[PDB]
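Same order as they appear, the protein sequences are chains Z and V. FYI, in the UniProt record's numbering the residues of the first sequence are 55 to 653, 656 to 750. FYI, in the UniProt record's numbering the residues of the second sequence are 55 to 653, 656 to 750. Beta carbons are placed, not taken as given, at the ideal position from N, Cα and C, and that holds for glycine. Notes for the one structure printed next.
Number of protein chains: 2
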Amino acid sequence: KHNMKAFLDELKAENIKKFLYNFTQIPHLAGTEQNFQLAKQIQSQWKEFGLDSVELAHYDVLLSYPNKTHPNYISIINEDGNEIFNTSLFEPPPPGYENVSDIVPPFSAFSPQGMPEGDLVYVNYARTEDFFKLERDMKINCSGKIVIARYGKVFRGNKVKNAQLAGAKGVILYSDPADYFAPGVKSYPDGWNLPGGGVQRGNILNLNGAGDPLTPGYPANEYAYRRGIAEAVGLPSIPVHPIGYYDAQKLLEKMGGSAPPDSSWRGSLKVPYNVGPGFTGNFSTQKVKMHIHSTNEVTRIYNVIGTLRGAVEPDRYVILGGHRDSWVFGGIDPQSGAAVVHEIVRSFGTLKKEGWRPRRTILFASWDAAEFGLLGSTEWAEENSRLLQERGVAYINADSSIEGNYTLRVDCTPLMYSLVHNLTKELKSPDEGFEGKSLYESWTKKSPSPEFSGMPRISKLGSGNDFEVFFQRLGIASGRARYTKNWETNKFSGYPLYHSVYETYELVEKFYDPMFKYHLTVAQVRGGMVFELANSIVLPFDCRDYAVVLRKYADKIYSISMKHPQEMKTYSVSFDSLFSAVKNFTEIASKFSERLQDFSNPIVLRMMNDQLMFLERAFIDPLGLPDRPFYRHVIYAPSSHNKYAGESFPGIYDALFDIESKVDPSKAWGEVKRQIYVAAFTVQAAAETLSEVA
Amino acid sequence: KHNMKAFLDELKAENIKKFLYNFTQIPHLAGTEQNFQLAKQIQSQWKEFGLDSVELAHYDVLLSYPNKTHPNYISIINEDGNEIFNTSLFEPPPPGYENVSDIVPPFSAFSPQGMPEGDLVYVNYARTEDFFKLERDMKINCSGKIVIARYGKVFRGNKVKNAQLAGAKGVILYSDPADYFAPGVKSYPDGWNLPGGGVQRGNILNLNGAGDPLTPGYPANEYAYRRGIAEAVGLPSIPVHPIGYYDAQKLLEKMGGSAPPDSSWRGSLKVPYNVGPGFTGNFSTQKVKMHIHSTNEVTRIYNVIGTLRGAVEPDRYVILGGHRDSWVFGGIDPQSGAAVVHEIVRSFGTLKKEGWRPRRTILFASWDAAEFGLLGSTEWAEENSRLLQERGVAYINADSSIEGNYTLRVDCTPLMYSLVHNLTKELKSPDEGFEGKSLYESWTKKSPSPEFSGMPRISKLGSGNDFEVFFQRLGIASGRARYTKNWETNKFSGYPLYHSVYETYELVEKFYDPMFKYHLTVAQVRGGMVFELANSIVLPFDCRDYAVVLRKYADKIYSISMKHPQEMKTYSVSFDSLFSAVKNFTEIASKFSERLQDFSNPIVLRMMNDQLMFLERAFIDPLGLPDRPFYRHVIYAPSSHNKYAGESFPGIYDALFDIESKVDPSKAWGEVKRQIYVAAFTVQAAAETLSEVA
Ligand SMILES: *[C@@H]1O[C@H](CO)[C@@H](O[C@@H]2O[C@H](CO)[C@@H](O[C@@H]3O[C@H](CO)[C@@H](O)[C@H](O[C@H]4O[C@H](CO)[C@@H](O)[C@H](O)[C@@H]4O)[C@@H]3O)[C@H](O)[C@H]2NC(C)=O)[C@H](O)[C@H]1NC(C)=O
Ligand SMILES: *[C@@H]1O[C@H](CO)[C@@H](O[C@@H]2O[C@H](CO)[C@@H](O[C@@H]3O[C@H](CO)[C@@H](O)[C@H](O[C@H]4O[C@H](CO)[C@@H](O)[C@H](O)[C@@H]4O)[C@@H]3O)[C@H](O)[C@H]2NC(C)=O)[C@H](O)[C@H]1NC(C)=O
Ligand SMILES: *[C@@H]1O[C@H](CO)[C@@H](O[C@@H]2O[C@H](CO)[C@@H](O)[C@H](O)[C@H]2NC(C)=O)[C@H](O)[C@H]1NC(C)=O
Ligand SMILES: *[C@@H]1O[C@H](CO)[C@@H](O[C@@H]2O[C@H](CO)[C@@H](O)[C@H](O)[C@H]2NC(C)=O)[C@H](O)[C@H]1NC(C)=O
Ligand SMILES: *[C@@H]1O[C@H](CO)[C@@H](O[C@@H]2O[C@H](CO)[C@@H](O)[C@H](O)[C@H]2NC(C)=O)[C@H](O)[C@H]1NC(C)=O
Ligand SMILES: *[C@@H]1O[C@H](CO)[C@@H](O[C@@H]2O[C@H](CO)[C@@H](O)[C@H](O)[C@H]2NC(C)=O)[C@H](O)[C@H]1NC(C)=O
Ligand SMILES: *[C@@H]1O[C@H](CO)[C@@H](O[C@@H]2O[C@H](CO)[C@@H](O)[C@H](O)[C@H]2NC(C)=O)[C@H](O)[C@H]1NC(C)=O
Ligand SMILES: *[C@@H]1O[C@H](CO)[C@@H](O[C@@H]2O[C@H](CO)[C@@H](O)[C@H](O)[C@H]2NC(C)=O)[C@H](O)[C@H]1NC(C)=O
Ligand SMILES: *[C@@H]1O[C@H](CO)[C@@H](O)[C@H](O)[C@H]1NC(C)=O
Ligand SMILES: *[C@@H]1O[C@H](CO)[C@@H](O)[C@H](O)[C@H]1NC(C)=O
Ligand SMILES: *[C@@H]1O[C@H](CO)[C@@H](O)[C@H](O)[C@H]1NC(C)=O
Ligand SMILES: *[C@@H]1O[C@H](CO)[C@@H](O)[C@H](O)[C@H]1NC(C)=O
Ligand SMILES: *[C@@H]1O[C@H](CO)[C@@H](O)[C@H](O)[C@H]1NC(C)=O
Ligand SMILES: *[C@@H]1O[C@H](CO)[C@@H](O)[C@H](O)[C@H]1NC(C)=O
Ligand SMILES: [Ca+2]
Ligand SMILES: [Ca+2]
Ligand SMILES: [Cl-]
Ligand SMILES: [Cl-]
Ligand SMILES: [Zn+2]
Ligand SMILES: [Zn+2]
Ligand SMILES: [Zn+2]
Ligand SMILES: [Zn+2]
């Protein structure tokens, strides 16, 4: 038979290993010739594997690169203006590379140019609450200071936005061993820890879903009209540069002014972690000076788009997508995902060559420029938004398949919870100690649900990856899965060698997944999801699972508001409409489920499949969230404080955030009430899409 | 058989006459008890006629009413402050009414309160070009003046916006006999002309599609959060009041200052039509003083919504809608349309009682508060936007069935051109001299297409009626048809007794349509359209007709730009992308049509029916047009200078309008190029929805 088992058994760990090696021998930086060549290779292989068509979709978007003849670096500068200490111009290459060319040196993509000098202030993780503590509790003023922040906890672009609004004139990001050196394991090449010369690259934009900074709303095609740089979306206004912890030690060791307010501000280096401003007495006249010369430039990028046409519903699309561009070799990010996608295409293509076709169309995508702000997926979605909105069933993401070797991680819409639970019950656990047990069993034991006994944890989708445009802009049911670590407090910090030159094929083969069994497990989960979505007669979504979580989020947002009972009294702030809506959604979703179970009629079926497909769509508000027009889902948006994290009822959440500090409480609470109304209405409207149609 | 002929033959002129009489005995002003009672009556009758369900959908929206104990009026005031002339407090009621209560006196709905006094300036029709002529050519300044304008040519809200931006402190609107008294016919009650005491009511908002001024984007339901009055959408900032031509004569007769610039500024009254400012020498110290005391108030309105469930595709909606509220008796506006809808429901219900059901669901609507800014249709569409966007096939409007007795008038999307031509070829002409000939034949002879021999004229949809939210906001194929006059230059001015107390059942039965044959003809056209849309196996849309008009509009907008060849050279303004897109649309639409003709497969059919249904949808831009977020169709929007008129390529049109006057030509031409890009992209994207799906 040609069934899911046939598809799944065809997948091989050894093939994933071979493709990973193949994709990680040279850098594949977005906008470079090396990455165009890999695009053309993937296009050629996907054709050979059997897909019906495979095309390149290209766009010309704003990218950012260091100046090769004018290196970025940071100095401590004495009173005479002599640079007495300079940060590194590059990371020491790992063994056997040392002669690889075109390794981009560490930089913060999209930093403007500048040479600011000033006194340092240390701002911990540069989170919203870190700046609150500095400004409000310690009365330290960052205006005209250079801030130095440790990576971790939140997306780096949020750090830079927060530094900017505090009045900083520059930001230095660094990797502290507290967050990037796991106790008892050795530095690369002899283990998976970050060495002191290692540095994490990454962009520092605040695009809020816009895609290419110059063309928000529309694809960056050949005739595109572009904003001027001063009106571009999301660009930082102050210079920014990342360094490793050997260099950070030299900048922090001399710091004076106030002590750290408490131990949550202290990293692992042998320094006081004083907040500053400036250095201790003997060095008080020394300053820090940044030298940033990177340039932004419009550059062509290439997505590879493969189609496997559906036999019965060719106008319904199930999309498996992940990016191809990397900062350097991309041994984990993204090639551990891209290799998994390659093997999934190969397995589907094997079935196709034997005469099989899935019920619905499957689209496979190799996105470009994800590292520069999800630009490739976003421009493509902007180009095809009408097709996706009326035909998009689901999007499964496929960035890195591993970030640890402990257990499964799934983040997805509630509509896919039942699909995930069911599929994982049918897959074998790859974990030591769980041989002959299901993946569901190992996952649930290692990552228990906080809410339910005998269930695994599944997180909300945030952002920082290519499902953002499909889920938060277009309202297409989306999910992602990978193997992960057991380091709760580091969830959003990245694995130690994240976006460093040390992220190589050897890292994976030696330390993370020698037998490629975790990669295989993830290929089974992602591929199994795609298979069921593209083949099940009734779409494998359960609207009742959304009803359950909506009630959880409504309790949560009500609890936040109830921290302010006097104001809720004064301004008559009622959550009654939102709970009413959630109750109705629960009642209607229950009845719809009964009909779906109780209904030979392909019209009723497809009518019902359309109701299932358009349910995620119904949570979209065409007016968007306040000042973030591309985050249109009313239930989920990326946290305004941390792009990686999802926030539920974001419009109400942001209206309540720090409300006790607002100067006009009447206005602020009026906006809370407005967002309650919008949320209650959207939940009720979504519920009504599940009612009988006439 | 139960076919279109059965449906059409069941329609009777005599029934339309009886319903019209029934709907026009008392006023049915929005928000009044009389109009709620008629809603409940229609709900009851539609149930009796056979519909599956009939419900009231109610909303609480901002309405506007005179103060009953503090009448609105205008004075000429002498130097002492004595009011030596007062305009009327009411229109002389027509014969047999004179004891009807609750006739709302003439007023401009949504006028703010005020008692401004000043000198008059006469501004012709208060069009954009009239103000250009005054300010630019005659150097007359309206700042702090009261402007007096004649009704006609453009929507009254555009007049008031234009007066406001000219700095007027008040606006007086009046009906000139030149525009509202046809030569050789008598005044009401002895003919269909406007008497000197008659006055045209109407709202003066500039909502640009927003619906209820207090809740843009969301339905005005029970828990709605409302803007404060100062942030409401579309409200005028200066007092406004309408008068008849006996009163206008008294205000204009004393006018001094400059002569009219030319004869296009002269109406038919026996006055000089001097522009002012102020009165001639002897009266120079007299002023004009307005007294406006109307109030805005949130008031419940009721839509009646009837459903006839589809037998095969119940989740596809074909909507026939028209409003029920009137300014006074509504003998033409809207009851001549509402009576036609009532008889259509009765005829469909007759077929249903004999066991028939249409293929798709038909929804019938009796909208409320249309006179106060299309509020009932818009709030309902805001509430149901997700259902309409994913299921809406078409909307056929049904306001007044007559505005003359000369020939047919149709305004619709290009997708319905072929449907209209075909249906009209099968219907009998009601016209004298065309007995035994088709409606197509009489219509084409009396209203020839400007472009094509042997074809009738069909206009673009503008606005000023309840299809606005469905077409320009949601992108649902829409159309309208009625019998019309032969008075080209008056097309947007209204028939003489428009929105006056004289618009009665007697007006229609005696002067417009004694035999109710034109009403019957219109019931056949509107009902026949609904029938074909709800019953044809393949939706009766022809995408090739859109290709033809797109090329016409692209030539037109290019010709406008080419008035500025030096600037197109300087700023490299190319229309090449737009023509390319139109060429591609033409090519793809031709191939799609071949497949639609060449394709027993209900999936392919419905796939193809979805491509047809979503084609109008594809012209929607979710970001809207500049500063008009609710006008989202990129091909058509209501003219920024006249809400009644449709404009094609509106975003490019407005970017080019008066561009020679802009202070920064680089910026202005940059915005023209931006709008070219948006248009080319949207046309290409729409074309791509007709490509093979995979
Ligand atoms: C969840 O679904 C339920 C339906 O099962 C839905 O119930 C609806 O609630 C609204 C608002 O509560 C009801 O609205 C009432 O409608 C009646 C006419 O049917 C009106 O007379 C009422 O207005 C009077 O009372 C108001 C409240 O005191 C006054 O403010 C007002 O001035 C009037 O005096 C009121 O409009 C509606 O009838 C029911 N519909 C039903 C039962 O079918 C509920 O709204 C859904 N939740 C959400 C968030 O949508
Ligand atoms: C109407 O449909 C046609 C398809 O039938 C579609 O044609 C496409 O036009 C674009 C833009 O003209 C072509 O884009 C080119 O793509 C090639 C690779 O395929 C690139 O190498 C080209 O870039 C070079 O040349 C440019 C122009 O001089 C330079 O600006 C650039 O820097 C590069 O040097 C260019 O991107 C595209 O290939 C075709 N696609 C086809 C033929 O299938 C057309 O765009 C449609 N119209 C609209 C308005 O969409
Ligand atoms: C990655 O694998 C690809 C595909 O096998 C290799 O590309 C092929 O290489 C051979 C030898 O040069 C050529 O003859 C083929 O035409 C190439 N096929 C393509 C591009 O489709 C490539 O060599 C491998 N790269 C590495 C670093 O191992
Ligand atoms: C840090 O780098 C700077 C820049 O290369 C060094 O300063 C330069 O040194 C050369 C040779 O002495 C001078 O001629 C340049 O004019 C200096 N450029 C400057 C100050 O911008 C500096 O010596 C380096 N510092 C250390 C500790 O190595
Ligand atoms: C996950 O599997 C469960 C158990 O098989 C599925 O639930 C069953 O579905 C069938 C078909 O509708 C029903 O007859 C059973 O009563 C259901 N059992 C339950 C709810 O306990 C469930 O549908 C699957 N989820 C998917 C496919 O998304
Ligand atoms: C318009 O027609 C309606 C429906 O025939 C009339 O309302 C009915 O009137 C009779 C007499 O009062 C009642 O017994 C019915 O219950 C009413 N039916 C309804 C409201 O559904 C109404 O009288 C007519 N109005 C005018 C002015 O002729
Ligand atoms: C126009 O109407 C105004 C208001 O009714 C009239 O002026 C009023 O006349 C009465 C009786 O003489 C006075 O007591 C009021 O105080 C006046 N009110 C004002 C000036 O606001 C005026 O007489 C009317 N003019 C004409 C020509 O009939
Ligand atoms: C209007 O009627 C014309 C003439 O009948 C229809 O065009 C014909 O459609 C049939 C079925 O596709 C074709 O076989 C003929 O070749 C067409 N004749 C032509 C184009 O001259 C047309 O489809 C009708 N329009 C509708 C129903 O919207
Ligand atoms: C790189 O270095 C210097 C900076 O002035 C100069 O040679 C060249 O313009 C730079 N390249 C850029 C800005 O892309
Ligand atoms: C922070 O410092 C700068 C000093 O130039 C000043 O302009 C700003 O107002 C200060 N803010 C506070 C709250 O002290
Ligand atoms: C893999 O798992 C083992 C066993 O828990 C652990 O000691 C090792 O550090 C893990 N490797 C990585 C990279 O997490
Ligand atoms: C109507 O007339 C007067 C205006 O002051 C007053 O009796 C009453 O408040 C008014 N009604 C309103 C404003 O609705
Ligand atoms: C129009 O008149 C007013 C007089 O108060 C003045 O403020 C305004 O600037 C004038 N504009 C022109 C163009 O004369
Ligand atoms: C109806 O038609 C006749 C004949 O052309 C015309 O004289 C009459 O004025 C028309 N009535 C109306 C109200 O247009
Ligand atoms: Ca873009
Ligand atoms: Ca509203
Ligand atoms: Cl992922
Ligand atoms: Cl109409
Ligand atoms: Zn990645
Ligand atoms: Zn990355
Ligand atoms: Zn009307
Ligand atoms: Zn009207």
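- When beta bridges are read from the DSSP output, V208/Z appears opposite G206/Z.
- The Cβ atoms of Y242/Z and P231/Z lie no closer than 8 Å to each other.
- The beta-carbon separation of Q731/V and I715/V, rounded to 12 Å, does not stay under the 8 Å limit for a contact.
- Look at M663/V: its C-beta is under 8 Å from a C-beta on chain Z.
- Among the residues of chain Z, none has a CB under 8 Å from the CB of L105/V; the nearest is roughly 11 Å distant.
- Residue-level contact by beta carbon holds for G364/Z and chain V, with a gap shorter than 8 Å.
- Boundaries of the alpha helix (DSSP H) around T640/Z: 630 to 652.
- Going down the chain, each residue whose beta-carbon is closer than 5 Å to a heavy atom of ligand 6 shows up: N76/V, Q79/V, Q95/V, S98/V.
- DSSP places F73/Z within a helical segment (H, G or I) once states are collapsed to three.
- For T432/V, no CB of chain Z lies under 8 Å from its own CB, so it is not counted at the interface with that chain.
- Legend: CB atoms of the stretch 721 to 743 of chain V lying less than 8 Å from CB atoms of chain Z belong to residues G726, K729, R730, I732, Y733, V734, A736, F737, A741, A742.
- For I157/V, there is no enclosing alpha helix (DSSP H), since its DSSP letter is neither H nor E.
- Between the stretch 720 to 729 of chain Z and the stretch 551 to 561 of chain Z there are fewer than three inter-stretch CB-CB distances shorter than 8 Å, so the stretches are not counted as touching.
- If you check each beta-carbon in the stretch 364 to 398 of chain Z against every beta-carbon of chain V, the ones closer than 8 Å belong to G364, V366, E367, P368, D369, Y371.
- Residue environment: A313/Z is assigned as exposed (fewer than 16 neighbouring CB atoms within 10 Å of its CB, all protein chains considered).
- Secondary structure note for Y176/V: its beta strand (DSSP E) is the uninterrupted segment 174 to 176.
- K623/V counts as exposed, since fewer than 16 other beta carbons sit within 10 angstroms of its beta carbon.
- Per DSSP, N57/Z is not a residue of any alpha helix (DSSP H), being assigned neither H nor E.
- Here DSSP, grouped into helix, strand and coil, assigns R255/V to coil.
- Considering only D134/Z, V358/Z, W246/Z, the residue with the shortest C-alpha distance to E433/Z is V358/Z.
- Listed along chain V is no residue with a C-beta nearer than 7 Å to that of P267/Z; the closest approach is about 16 Å.
- Among the residues of the stretch 444 to 459 of chain V, those with a Cβ less than 9 Å away from any Cβ of chain Z are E444, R445, in the order of the chain.
- The residues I373, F521, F524, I530, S532, in chain order, have a CB closer than 6 Å to that of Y449/V in the same chain once the five nearest residues on each side in sequence are set aside.
- For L515/V, no beta strand (DSSP E) encloses it, and the DSSP letter there is neither H nor E.
- The continuous stretches of beta strand (DSSP E) do not include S722/Z, which lies in the alpha helix (DSSP H) extending over residues 721 to 745.
- For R527/V, there is no enclosing beta strand (DSSP E), as DSSP marks it with neither H nor E.
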